[PDB]
Structures are given as structure tokens and as C-alpha cells.
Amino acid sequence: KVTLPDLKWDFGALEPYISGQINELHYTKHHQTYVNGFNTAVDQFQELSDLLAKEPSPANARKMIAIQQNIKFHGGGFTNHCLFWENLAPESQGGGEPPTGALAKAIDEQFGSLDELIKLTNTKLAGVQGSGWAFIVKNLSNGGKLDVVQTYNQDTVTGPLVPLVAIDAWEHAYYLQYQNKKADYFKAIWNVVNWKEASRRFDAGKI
């Protein structure tokens, strides 16, 4: 049974880059909904699995097929937002300070500088044509190389792709403050990105 995680900061702590009113809605409404949806979907599948064991019909298999969409969507919603809060921090807790160590080294070697990586990421965020996410990732299958990937809806990066920084591009993540001006939001959010958490994820090679 999953639960809304504790936040490391107060709702209004990322102002002026992200408003407290957005954070409160985003966390108490949107994230809680994925929490509830995920627990419900997992419950429903456990129930369908028990039904399939006694009556392994295509009819019942068809029912399982129907709920896995909810497992994926709500599971992703749960996961992506958890990652999101943990890679945000107020300036007082180091938000917006550049990474150090191995991650900083890989960033410079692959993209030239942190500024270029961020510009690439903002291009990707702007390129999400619908709801979705951009993730700075470490790819474990090609020697641990950095990349920036987009996902849609609540799809997430799995397998060898370890998320280092997740940035939410759903309209609910910025609309009350930025309205249509999503590029202003993408630029502003880096001021409160927690690159210490990114570095920790990079070093661990897991989340």
C-alpha cells in the first residue's frame, strides 16, 4: 500500500519559481489521486488474479488486460511525482546549486556544461506535445551515459534508464502561475532543482 511521501520543504518554499498554491494542489490533490488509483488498481488485479486461478477464461484474462492500464498510469503518477518532489529544494536547502563529483564530470564531458544540458532539457520539455515529463537519465546499458528523454502522460523511465531529474510538463504543474507561458516555467524551475539528489541517484544507479 503506497502513501503520499513527506515533503522536505513547506508548500511555499519554492517561491517565486513555483507558487505555494500550485504545490499544495499538486501534492494534496493530483499526487494523492495517483496514490489512491495505484492502490485500487493493485487491489483489483489481486482480485482478478484469484478469479483467473479458479476460472482461467479469456473473459477473465480480458478483465486483467483492462486494469493494467490503471496500474501503469497510476503507478507512473505515483512514481514520477515522488521523484519530482525529491529533486526540488528551496535555495536554503541547496536548490539551484550545481552538481559536483562524478555527475558534474559526466555533464561537462557529454554536454559541455550544465547550462547546455539545461537548455537541451528545456527544448525537450517544450517538445512534449500533450501531457508528460522530461527526465535527465543515466543509461545503465550503454556504460552509464547521460541522456534526456521525454515521456507522455504518466509513462516513466524503467529498466536501464535511471531518472536523475524529473521535470513535470503537465499543465497542472504551472498553469495557475504561468498560464500558457510554459517556457517561463521550464526556465524558472532550475532555480529550485536539487542537484544533490540528482548526484545521489547518479552514484547509486537506482532510485
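Numbers for residues come from their place in the sequence shown, where the first is 1.
Visitor: When the C-alpha temperature factors are averaged for each of 54-62 and 34-42, which stretch ends up with the higher value in the entry?
Guide: The stretch with the larger mean CA B-factor is 54-62.
Visitor: Quick one: higher average CA temperature factor, 134-142 or 64-72?
Guide: The entry gives the higher C-alpha B-factor average to 64-72.
Visitor: Once the chain's modelled residues are ordered by C-alpha B factor and cut into thirds, is residue 201 in the lowest, middle or highest one?
Guide: Lowest third - that is where residue 201 ends up once the chain's C-alpha B-factors are sorted.
Visitor: Using only modelled residues of the chain, where does the Cα B factor of residue 98 rank: lowest third, middle third or highest third?
Guide: It belongs to the highest third of the chain when residues are ordered by C-alpha B-factor.
Visitor: C-alpha B factor of residue 155, ranked within the chain: lowest, middle or highest third?
Guide: It falls in the bottom third of the chain.
Visitor: Quick one: classify residue 127 as lowest, middle or highest third of the chain based on its Cα B-factor.
Guide: As the PDB entry reports it, the C-alpha B-factor of residue 127 lands in the middle third of its chain.
Visitor: Comparing residue 147 with the other modelled residues of its chain, is its CA B-factor in the lowest, middle or highest third?
Guide: Answer is middle: the recorded C-alpha B-factor places it there.
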